[PDB]
Ligand SMILES: C[C@H](N)P(=O)(O)C[C@@H](Cc1ccccc1)C(=O)N[C@@H](Cc1ccccc1)C(=O)O
Ligand SMILES: [Zn+2]
């Protein structure tokens, strides 16, 4: 298919205002009858062009007249010579059982369910499958009662009946006009957890969580999180739910985390099912954030939707911002910010440095499913957060209110959102808008000067964004650049100039500019880009002592973690260079000293300590380098772990023991202590072998929760401890029947430092708990290997690339969306040495020649080979 361009947007020639659907459901052959009320808006001679994929057309009527003026073409049904207003009736067949791509109506175990975003509804019937067409849906579902006792679609049950031959039916009406990507249908046999939330104005909402039979023991936390999400959106954003019923269905087979279908969200079971023996603290907090995310889409996505798919970030950047604010308000703001900055620097910057680079509002798309990206989501949220930084909470909320006032019940654009924020706040965002249009990561360079004669501190700040493959032209951005200045006692120095206070958020809008601060009585230590105030790379020539000073004194916990990152970066870079010359780790004494001080500091929040004591991942480390040496990075990461383990052995054990908790609670203070304890465990695993082996095996066996059990198992694998094989087998024996739990074990197998990792991974394709039919299994074994074990994936013999090619050859046909997620590591080839590039190019060329190459892979392969 050809690329589509944002600049080609044109209003639809026809709208559909109302659609009545009937599904005669069966896994082999489903018959869809769709009755649409259409209204022409364009030229009177314009044909109606309906999108359709893999449909068997049965009939076409206009006002009940069999229509002869139509033609089917690739991906379309084109209907000519129509009245201005008419009733379209389409009957067509589809085959859910044959739908391995999991796009449209498909089978998940014994259940039938849908996924329609972005363009899945056209796999169900011929329709105006574009998000600026908003219709009122009524959905009648007819099915075998024994096999499908629950028949669900969006909105409220308005009719129901029984039929001969053991069939029954239910009809649903959703009063809110919607784009078809928000359509959902679910049929199957479920256990149901039912509860209620009463809104602040008194609306009683029925909450219903549908899970596979036997999974009720894993449902209450998700339900609790839904209620928490509802309450928070009221308190923080002043938003209430707008329907009578809120349904969530947890399904096993799903190509995303979850989906905000109006009143009938469909979730990957990973983001619903939890009990303390199956789920970790991280699972609990992820369920919380994804339940929140889907709930928050009700306003930011559904009540206001997207005019076209290039505006995806309008809902995704804003909804991610909302889920981050939810998690941050309920939990540790510092830990959430830290985690989101690790994702930005370690994963999103890599995308912005890749052949797939795009602005948060893309200009060119071949396959829209390829644009559900770290950029659109996470950088999108950073852009929303910059607006929040520039406006402050009160004006930001005024902007939110104006946005909803203007655009409720419509399909809007990124520009509409920015305009609402500007108009509500009187803050000029004209230059700021360039963040929507420009790809790549800006680099902000800071030079400073303290003048004792004048008691002035001057920051000379410059910016540039390197060219990206998609954009030869780059321009300066409006960068909110937050600072704080500290005296030698760690006290904040008031920012001022010429007898007036200066805002700590500097407006870095030029290629080069200077900022002068007076009444700086003594030489300051600066904290720069506070709370990661803009998604940029910072270049400032820190001394080690400035950084350790900030670790001790910075007022925001984020700054203390960030200073530790800058300190480590220097020595990670040093030691990778040493590795390449066959030299062992070298680290100045004062560095281990800084981490010792973190361990022994009584005043530090355990939440913060735990994150400082969590070394950057191999993907985070890769972004420190122009050319990635993934073997050096992996070995340096282990060497650094071992060195700190040795130098801090006593302190690590003291803190490990001090943070023991006999009670298991999913509560933030407890989670912090446990995260610290297990951060210590990572290092303790690299102590004297017998001592480490005993400690690790003890934790695995004595654990009263999965967080602690998994931490121990992970350490046994990381440090290749004697107990590893026993613990791994014990886990398999206990948990093989549980796919979500086995995913953690597949991840450990895939990311193992063992020399035989690829052999093991290949063997696990035959494991009883693995299947190529399940996206979660694929991601946990194959994705984890390719993406989270770059040292093995990039083995010099090219074996990792060949393995991935085999897997992608299958998945290109089976499930292109999952295939396209999995190909990402191969498209980073230009970051690697020449020998690696050659092998990766050969792999990509093999894939390029596949019979029936998917558009999903074609788009990425083309860019990677350019
Ligand atoms: C496509 C839906 N409209 P969604 O709700 O945005 C899906 C989203 C749910 C989620 C939110 C927050 C954390 C984790 C999951 C989702 O799956 N996003 C993924 C990325 C993604 C994967 C596959 C398809 C689409 C997006 C992510 O942010 O990690
Ligand atoms: Zn979303």
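What is reported rests on the model, the rules as stated and the sources as named; no laboratory instrument gave them. Neighbour counts run over all protein chains shown; Cβ positions are idealised from the backbone, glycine included.
Does residue 328 meet the test of being surrounded by fewer than 19 Cβ atoms within 10 Å (Cβ to Cβ) and either within 16 Å of ligand 2 (Cβ to nearest atom) or without any contact (Cβ under 8 Å) to a residue 60 or more places away in the chain (or both)? Reasoning before the result, please.
Working: surrounded by fewer than 19 Cβ atoms within 10 Å (Cβ to Cβ): yes; either within 16 Å of ligand 2 (Cβ to nearest atom) or without any contact (Cβ under 8 Å) to a residue 60 or more places away in the chain (or both): yes.
Here the answer is yes, as residue 328 does meet what is asked.
With the requirement that a residue be in contact (Cβ under 8 Å) with a residue 12 or more places away in the chain and outside any helix (DSSP H, G or I), what does the stretch 679-690 give you?
Those that are in contact (Cβ under 8 Å) with a residue 12 or more places away in the chain and outside any helix (DSSP H, G or I): 685, 686, 687.
Taking residue 796 as the residue in question, decide whether it is over 26 Å from residue 346 (Cβ atoms) and either outside any helix (DSSP H, G or I) or outside the structural domain of residue 257 (by CATH) (or both). It would help to see each step written out before you state the result.
Working: over 26 Å from residue 346 (Cβ atoms): no; either outside any helix (DSSP H, G or I) or outside the structural domain of residue 257 (by CATH) (or both): yes.
Considered against the rule, which asks whether it is over 26 Å from residue 346 (Cβ atoms) and either outside any helix (DSSP H, G or I) or outside the structural domain of residue 257 (by CATH) (or both), residue 796 comes out as no.
How about the stretch 174-187: which of its residues are more than 14 Å from residue 23 (Cα to Cα) and in a strand (DSSP E or B)? First the steps, then the outcome.
Our first condition is that a residue be more than 14 Å from residue 23 (Cα to Cα); within the stretch 174-187, this holds for 174-182.
Listed by number, the residues that qualify are 174, 175, 176, 177, 178.
Listed residues 305, 375; which is assigned by CATH to the domain that holds residue 408, part of a helix (DSSP H, G or I) and within 15 Å of ligand 1 (Cβ to nearest atom)? Talk me through it step by step, then tell me what you get.
Working: 305 fails: part of a helix (DSSP H, G or I).
Residue meeting the stated conditions: 375.
Restricting to the stretch 307-318, name every residue that is touching a residue at least 40 places away in the same chain (Cβ under 8 Å) and buried (at least 23 other Cβ atoms within 10 Å of the Cβ).
Listed by number, the residues that qualify are 310, 311, 312, 313, 314, 316, 317, 318.
Does residue 197 count as closer than 30 Å to residue 9 by Cβ, in contact (Cβ under 8 Å) with a residue 24 or more places away in the chain and surrounded by 14 or more Cβ atoms within 10 Å (Cβ to Cβ)? Explain how you work it out, then say what you get.
On the way: closer than 30 Å to residue 9 by Cβ: no; in contact (Cβ under 8 Å) with a residue 24 or more places away in the chain: yes; surrounded by 14 or more Cβ atoms within 10 Å (Cβ to Cβ): yes.
Criteria not met by residue 197.
Please state which of the following conditions residue 256 fails to meet, knowing it meets all the rest: (1) more than 15 Å from ligand 1 (Cβ to nearest atom); (2) surrounded by fewer than 21 Cβ atoms within 10 Å (Cβ to Cβ).
Every condition holds for residue 256 apart from (1).
Do the conditions hold for residue 320, that is, is it within 13 Å of ligand 2 (Cβ to nearest atom) and either in contact with a helix residue (DSSP H, G or I) (Cβ under 8 Å, 6 or more places away or on another chain) or within 15 Å of residue 226 (Cα to Cα) (or both)? Explain how you work it out, then say what you get.
Values: within 13 Å of ligand 2 (Cβ to nearest atom): yes; either in contact with a helix residue (DSSP H, G or I) (Cβ under 8 Å, 6 or more places away or on another chain) or within 15 Å of residue 226 (Cα to Cα) (or both): yes.
So residue 320 fits the description; yes.
Does any residue in the stretch 509-521 that is without any contact (Cβ under 8 Å) to a residue 24 or more places away in the chain and assigned by CATH to the domain that holds residue 498 come within less than 6 Å, Cβ to Cβ, of a residue that is part of a loop (DSSP other than H, G, I, E, B) and surrounded by 15 or more Cβ atoms within 10 Å (Cβ to Cβ) six or more places away or on a different chain, and which pairs are these?
Every condition considered, no pair remains.
Looking only at the stretch 378-420, which residues are assigned to a helix (DSSP H, G or I), in contact with a helix residue (DSSP H, G or I) (Cβ under 8 Å, 6 or more places away or on another chain) and either over 29 Å from residue 346 (Cα atoms) or outside the structural domain of residue 300 (by CATH) (or both)?
395, 397, 398, 399, 400, 401, 402, 403, 406, 407, 416, 420
Looking at (1) under 22 Å from residue 268 (Cβ atoms); (2) assigned by CATH to the domain that holds residue 50; (3) under 29 Å from the mean Cα position of the chain (by Cα), find the lone condition where residue 174 falls short.
Only one criterion in (1) under 22 Å from residue 268 (Cβ atoms); (2) assigned by CATH to the domain that holds residue 50; (3) under 29 Å from the mean Cα position of the chain (by Cα) is unmet by residue 174, namely (1).
With respect to residue 803, determine if the residue is part of a helix (DSSP H, G or I), within 23 Å of residue 841 (Cα to Cα) and more than 25 Å from the chain's Cα centre (by Cα).
Criteria met by residue 803.
Consider residue 731 carefully, then state whether it is over 30 Å from residue 689 (Cβ atoms), touching a residue at least 12 places away in the same chain (Cβ under 8 Å) and in a helix (DSSP H, G or I).
Working: over 30 Å from residue 689 (Cβ atoms): no; touching a residue at least 12 places away in the same chain (Cβ under 8 Å): yes; in a helix (DSSP H, G or I): yes.
Against the criterion (over 30 Å from residue 689 (Cβ atoms), touching a residue at least 12 places away in the same chain (Cβ under 8 Å) and in a helix (DSSP H, G or I)), residue 731 does not qualify.
For the stretch 40-60, name all the residues that are closer than 17 Å to residue 120 by Cα and in a loop (DSSP other than H, G, I, E, B).
If the condition is that a residue be closer than 17 Å to residue 120 by Cα and in a loop (DSSP other than H, G, I, E, B), then 52, 53, 54, 55 are the ones that fit.
From 211, 249, grab the single residue that is touching a residue at least 12 places away in the same chain (Cβ under 8 Å), away from ligand 1 (no atom under 13 Å from the Cβ) and in contact with a helix residue (DSSP H, G or I) (Cβ under 9 Å, 6 or more places away or on another chain). Write out each step before concluding.
Values: 249 fails: in contact with a helix residue (DSSP H, G or I) (Cβ under 9 Å, 6 or more places away or on another chain).
Unique residue meeting the criteria: 211.
Looking at the stretch 179-198, which of its residues are closer than 30 Å to residue 132 by Cβ and in contact with a strand residue (DSSP E or B) (Cβ under 7 Å, 6 or more places away or on another chain)? Break it down stepwise before answering.
Within the stretch 179-198, the subset closer than 30 Å to residue 132 by Cβ is 179-187.
Residues satisfying the conditions are 179, 180, 183, 184, 185, 186, 187.
Which of (1) surrounded by fewer than 20 Cβ atoms within 10 Å (Cβ to Cβ); (2) under 33 Å from the mean Cα position of the chain (by Cα) is the odd one out, the single condition residue 534 does not satisfy?
Of (1) surrounded by fewer than 20 Cβ atoms within 10 Å (Cβ to Cβ); (2) under 33 Å from the mean Cα position of the chain (by Cα), only one is false for residue 534: (1).
Taking the stretch 266-285 as the region of interest, how many residues are closer than 14 Å to residue 740 by Cβ and within 14 Å of ligand 2 (Cβ to nearest atom)?
3
Please determine whether any residue of the stretch 271-282 is within 14 Å of ligand 1 (Cβ to nearest atom) and either surrounded by fewer than 22 Cβ atoms within 10 Å (Cβ to Cβ) or more than 23 Å from residue 710 (Cβ to Cβ) (or both).
Step one: of the stretch 271-282, the residues within 14 Å of ligand 1 (Cβ to nearest atom) are 271-272, 282.
Next, from what is left, pick out any that are either surrounded by fewer than 22 Cβ atoms within 10 Å (Cβ to Cβ) or more than 23 Å from residue 710 (Cβ to Cβ) (or both): 282.
Checked the stretch 271-282: at least one residue is within 14 Å of ligand 1 (Cβ to nearest atom) and either surrounded by fewer than 22 Cβ atoms within 10 Å (Cβ to Cβ) or more than 23 Å from residue 710 (Cβ to Cβ) (or both).
Could you list, in sequence order, the residues of the stretch 823-866 that are closer than 21 Å to residue 371 by Cβ and part of a loop (DSSP other than H, G, I, E, B)?
Residues satisfying the conditions are 853, 854, 866.
Residue-wise test of (1) in contact (Cβ under 8 Å) with a residue 40 or more places away in the chain; (2) closer than 17 Å to residue 180 by Cα; (3) assigned by CATH to the domain that holds residue 778.
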position	(1), (2), (3)
28	yes, no, no
70	no, no, no
103	yes, yes, no
107	yes, no, no
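Output the residues belonging to the stretch 595-608 that are within 16 Å of residue 546 (Cα to Cα) and either surrounded by fewer than 20 Cβ atoms within 10 Å (Cβ to Cβ) or not assigned by CATH to the domain that holds residue 553 (or both).
Of everything in the stretch 595-608, just one residue is within 16 Å of residue 546 (Cα to Cα) and either surrounded by fewer than 20 Cβ atoms within 10 Å (Cβ to Cβ) or not assigned by CATH to the domain that holds residue 553 (or both), namely 597.
Give 694, 717 a once-over and let me know the one that is farther than 25 Å from residue 335 by Cα, touching a helix residue (DSSP H, G or I) at 6+ places or on another chain (Cβ under 9 Å) and in a helix (DSSP H, G or I). Break it down stepwise before answering.
Numbers: 694 fails: touching a helix residue (DSSP H, G or I) at 6+ places or on another chain (Cβ under 9 Å).
When all the criteria are applied, what remains is 717.
Residue 299 versus (1) under 27 Å from residue 442 (Cα atoms); (2) within 14 Å of ligand 2 (Cβ to nearest atom): which is the lone unmet condition?
It fails just one condition, (1).
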